[PDB]
Amino acid sequence: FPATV
Amino acid sequence: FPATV
Amino acid sequence: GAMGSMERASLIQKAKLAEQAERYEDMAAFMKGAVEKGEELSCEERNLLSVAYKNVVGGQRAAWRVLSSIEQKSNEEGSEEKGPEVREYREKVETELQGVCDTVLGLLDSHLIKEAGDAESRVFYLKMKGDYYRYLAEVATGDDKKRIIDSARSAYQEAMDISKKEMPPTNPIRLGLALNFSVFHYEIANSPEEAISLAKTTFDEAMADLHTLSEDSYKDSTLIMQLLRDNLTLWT
Amino acid sequence: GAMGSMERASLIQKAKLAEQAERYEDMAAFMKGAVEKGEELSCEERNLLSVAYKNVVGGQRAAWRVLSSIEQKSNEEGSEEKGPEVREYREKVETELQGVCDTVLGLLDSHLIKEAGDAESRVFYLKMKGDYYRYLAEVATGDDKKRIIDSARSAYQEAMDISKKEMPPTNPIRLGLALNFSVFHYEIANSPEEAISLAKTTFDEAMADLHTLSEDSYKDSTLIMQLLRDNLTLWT
Ligand SMILES: *CC(=O)NCCCC1CCN(C(=O)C2(Nc3ccc(Cl)cc3)CCOCC2)CC1
Ligand SMILES: *CC(=O)NCCCC1CCN(C(=O)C2(Nc3ccc(Cl)cc3)CCOCC2)CC1
Ligand SMILES: [Mg+2]
Ligand SMILES: [Mg+2]
Ligand SMILES: [Mg+2]
Ligand SMILES: [Mg+2]
Ligand SMILES: [Mg+2]
Ligand SMILES: [Mg+2]
């Protein structure tokens with residue numbers, strides 16, 4: 001999964 | 001802490 | 001609410017303890033209680049709220065993905081019929097996830113967003129609105145899926161418009177919003193070129209502004225820039 | 001019980017799904033439901049029950065230790081008074097932990113232990129009884145602490161007596177019981193020499209019996225023997 005904050 | 005199972 | 005009898009300051013203190021103990025459900029419940037006192041949140045308190053719910057919903061999303069994969073495998077040719085249990089349990093987890101998202105969206109709508117006038121606060125809350133509609137969209141399969149996706153888009157877009165007018169390109173809230181909206185484009189909206197373009201332009205504009213920053217601000221901004229770079233590497 | 005309407009087999013299926021999703025609270029609730037059907041458990045089902053509650057209570061113990069350490073620091077000389085919140089939240093976590101322990105002990109008493117006639121099952125359940133009284137003892141500070149410690153001791157001792165008569169020295173249940181009873185001696189009963197002696201004798205007697213085992217049984221036994229060795233290294 002891609003990075004999110 | 002010591003090992004327990 | 002079960003937290004109605006506890007002082008606001010005590011709820012915030014206990015949220016911080018819960019975080020130290022990695023008790024994120026408790027942390028989220030304390031922060032919900034604090035929001036429901038009706039006073040605006042400080043910067044630190046916004047961070048606590050977001051960390052708590054990110055961790056709770058993050059765990060639910062990971063579990064939902066495990067169960068959804070098992071369910072998908074069950075529906076392939078040659079898979080033995082095992083009854084309704086996998087679907088039921090995936091639905092149980094899904095319903096709990098949706099409940100958490102609805103709880104967060106409810107706090108934002110009653111009444112965090114409407115009282116947020118400073119750009120940092122308004123952008124942060126609108127980003128959260130986009131995020132929790134995005135999590136709803138991840139699990140949506142019905143009549144409302146388009147409207148849920150559009151709700152996420154609209155919240156992210158309003159945040160983006162404010163962020164570009166009111167905040168420098170290195171601001172961590174501006175950067176985090178762009179990171180997440182780019183992921184929305186890639187994973188939810190079926191717009192990978194838009195996702196890549198947004199991540200790249202955000203990175204490049206931040207790079208050009210780093211010269212203005214203290215060492216500490218540089219550290220904060222560059223950490224999120226690296227996340228943008230990590231996604232770009234995954235996508236190209 | 002909320003699980004009263006679900007088939008036993010479905011509860012077991014869902015416990016296995018919950019384990020795959022690392023949803024240990026759900027796993028424990030499913031297994032409680034399965035026990036409450038009233039039928040004896042299989043070996044695999046005993047493993048599921050134990051894994052579920054070990055993981056739930058393990059997380060609670062870790063959180064309790066974080067909070068207890070903060071509380072202890074608050075009570076040192078020179079520490080600023082911060083009010084009742086740390087104690088309150090430690091008590092909240094403690095009460096939830098005690099509730100889980102009481103739930104497990106209740107399943108064992110109504111009616112798992114009394115229907116367990118095979119040595120493996122009886123030893124396994126009595127070990128669990130010792131374990132959950134040990135977790136109660138970890139947090140006990142009052143009039144009943146001695147009786148809680150003795151309840152743990154008595155359960156472990158009955159298990160030990162059966163295990164030595166009925167099982168080979170390499171049996172994983174016998175080994176795990178000895179490992180945990182040795183930790184009881186060291187951490188709860190203030191008997192470190194007894195803890196060391198038990199771990200050493202258990203290890204040595206198992207070593208002498210490995211020659212009887214298949215490759216697969218050897219792997220199982222030696223894993224737990226290494227845990228005994230790890231504790232001995234910590235303690236000497
Ligand atoms: C003043 C105000 O409203 N502050 C709210 C909290 C903002 C901070 C900014 C710094 N920060 C981070 O850099 C990390 N997390 C997030 C960044 C940006 C957003 Cl919009 C959300 C979270 C810290 C954790 O690692 C990722 C970056 C924390 C939140
Ligand atoms: C037939 C029967 O009643 N079986 C109950 C489950 C016993 C198994 C034995 C193998 N095993 C392990 O070796 C590990 N965990 C435990 C060992 C011993 C006990 Cl008493 C409890 C747990 C597996 C995980 O790593 C540690 C050893 C699983 C339980
Ligand atoms: Mg007040
Ligand atoms: Mg559904
Ligand atoms: Mg644009
Ligand atoms: Mg039936
Ligand atoms: Mg107490
Ligand atoms: Mg002896």
Side-chain angles (χ1 to χ4, degrees), chain A residues 4-5, chain C residues 1-19 23-58 60-61 95-140 144 147-167 171-178 180-181 184 188, chain D residues 85:
Chain A
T4 58
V5 298
Chain C
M3 303 301 175
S5 62
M6 205 186 306
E7 287 278 17
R8 189 185 188 281
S10 299
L11 289 161
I12 300 295
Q13 185 178 355
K14 292 178 183 179
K16 291 174 186 174
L17 294 171
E19 185 182 27
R23 289 275 294 199
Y24 295 105
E25 180 179 292
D26 288 348
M27 191 187 177
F30 294 137
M31 291 308 303
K32 177 174 186 289
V35 168
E36 292 176 343
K37 300 300 177 183
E39 301 285 353
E40 296 184 33
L41 301 187
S42 69
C43 287
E44 181 177 11
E45 292 161 358
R46 264 187 291 290
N47 180 54
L48 291 169
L49 177 68
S50 70
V51 164
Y53 281 108
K54 173 175 172 63
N55 273 271
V56 170
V57 78
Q60 296 174 313
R61 291 162 69 214
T95 301
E96 288 184 18
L97 183 160
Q98 290 169 323
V100 174
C101 292
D102 291 343
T103 291
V104 176
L105 294 167
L107 294 172
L108 295 169
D109 198 54
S110 300
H111 298 279
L112 290 167
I113 290 170
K114 70 176 60 61
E115 292 300 344
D118 291 355
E120 284 189 319
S121 54
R122 193 159 189 88
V123 172
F124 192 90
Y125 296 134
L126 288 165
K127 176 187 164 296
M128 288 184 65
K129 182 176 185 168
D131 289 336
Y132 287 86
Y133 276 116
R134 169 162 60 87
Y135 306 149
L136 293 173
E138 288 177 334
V139 303
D144 285 324
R147 274 180 285 270
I148 292 167
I149 293 172
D150 204 63
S151 287
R153 184 206 58 71
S154 181
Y156 284 135
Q157 188 62 62
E158 186 180 353
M160 283 295 320
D161 293 343
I162 300 164
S163 79
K164 291 189 253 220
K165 181 178 182 294
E166 301 297 345
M167 290 138 48
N171 176 277
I173 295 170
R174 177 165 169 182
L175 293 172
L177 167 60
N180 290 18
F181 191 26
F184 169 85
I188 309 297
Chain D
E85 295 81 1

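Letters A, B, ... mirror the listed sequences (proteins, then strands); counts begin at 1.
Proximity of a side-chain donor or acceptor of C:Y156 to a complementary backbone N or O of C:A178 within less than 3.5 Å is not detected. Between the side chain of C:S154 and the backbone N or O of C:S151, no donor-acceptor pair lies under 3.5 Å.
Contact of the C:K16 side chain with the C:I12 side chain is registered, since non-hydrogen atoms from C-beta on lie closer than 4.5 Å. Under the 4.5 Å side-chain criterion, counting only non-hydrogen atoms from C-beta, C:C101 is not in contact with C:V104. A 4.5 Å side-chain heavy-atom check between C:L41 and C:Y125 finds at least one atom pair inside the cut-off.
Using a 4.0 Å cut-off between a side-chain N of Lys or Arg and a carboxylate O of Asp or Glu, C:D150 and C:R153 qualify as a salt bridge. Taking the charged nitrogens against the carboxylate oxygens, C:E39 and C:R8 have no contact shorter than 4.0 Å, which rules out a salt bridge.
When the salt bridge (charged side-chain N to carboxylate O under 4.0 Å, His left out) test is applied to C:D102, no partner is found at least two apart in sequence or on another chain. Scored by the salt bridge (charged side-chain N to carboxylate O under 4.0 Å, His left out) test, C:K14 finds D:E88 as partners (sequence neighbours excluded). The salt bridge (charged side-chain N to carboxylate O under 4.0 Å, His left out) search around C:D118 returns none, not counting sequence neighbours.
Nearest heavy atom pair, residue C:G130 against residue C:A152, reads O-CB, 3.6 Å. Here the closest non-hydrogen pair linking D:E85 and C:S10 is OE2-OG, 2.6 Å.
Side-chain atoms of C:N171 and C:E166 form no donor-acceptor pair, as typed in the model, at a separation below 3.5 Å.
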